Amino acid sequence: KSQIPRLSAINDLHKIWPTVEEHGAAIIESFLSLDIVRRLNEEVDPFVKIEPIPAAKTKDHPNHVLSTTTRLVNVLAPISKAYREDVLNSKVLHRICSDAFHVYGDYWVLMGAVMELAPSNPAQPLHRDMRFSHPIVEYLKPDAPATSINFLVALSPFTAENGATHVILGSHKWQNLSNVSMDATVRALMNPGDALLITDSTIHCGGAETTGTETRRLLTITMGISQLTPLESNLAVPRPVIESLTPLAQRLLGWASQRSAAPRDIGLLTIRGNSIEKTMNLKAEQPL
């Protein structure tokens, strides 16, 4: 069977979204440089270590879906300089997203999270994303353009043996889900910095960690239209941090009003005809 299409972030930028639109998946080679992967890893390292189990009883909003061998940490902006500056302003990310979401309008981050899988982490069931947070998406028409996409960035090597992600190519167009089998999958073998890009309709799953020794880590960036509510909030991020960001990064984190693609768009998160950033005189690019 055919493998996931591989593309250059450098030479094939315009080809990335068309490829996903057709096959439901693509691997973007060197989506993040090794320098950014390295800095990102240093910055999130301690936060993944302290993270309790997904359904820890201390939690207000426990995650009962992820395995006990999974650690997920989100709201990455206050944690990671590399995240807030390099990845939130990614030229490649923003081209793909504008290609993807132009029919709808503005987009933002629904969730940016580092996921680390412990040795012997079992495979996830084959699934589509967004079903534990946005029931609305199941009521969209089959042909509606994707309202969210997910960049699964490798922060350590993805191998067949250490649980590299599985995808079913073309599955984003499936309606009848009775050929859903692991038999129909191909793997996303990736070096750190490579990214598997999928849509919210692409059938996929994290793979089984078989070695009992390797730890797999990824940065999952779910980008979605500004008409959908993010899974995470940046409301509690200190203002000096927010004010250190670019206007674009501020918008991505819900610290700006948003716009739809309606010809006479009246806007989202406005305040009596004016933006959030104007009203609160939110500054931008003020270093710490």
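In case it trips you up, residue 1 is the first one in the sequence shown, and so on.
On average the C-alpha atoms of 170 to 178 have higher B-factors than those of the other stretch, with 170 to 178 and 130 to 138 being the two compared. Of the two segments examined, 143 to 151 and 210 to 218, it is 210 to 218 that shows the higher average Cα temperature factor in the deposited entry. For the set 258, 69, 229, 250, the PDB entry puts the maximum C-alpha B factor at 69.
As recorded in the entry, 78 carries the highest CA temperature factor of 105, 78, 192, 112. Split the chain's modelled residues into thirds by C-alpha temperature factor. Residue 185 is in the middle one. Residue 116: CA B factor in the middle third of modelled residues in this chain (values from the PDB entry). Sort the modelled residues of the chain by CA B factor and residue 123 lands in the middle third. In this PDB entry, the Cα temperature factor of residue 276 sits in the middle third of its chain's modelled residues. Residue 54 sits in the highest third of its chain by CA B factor, as recorded in the PDB entry.
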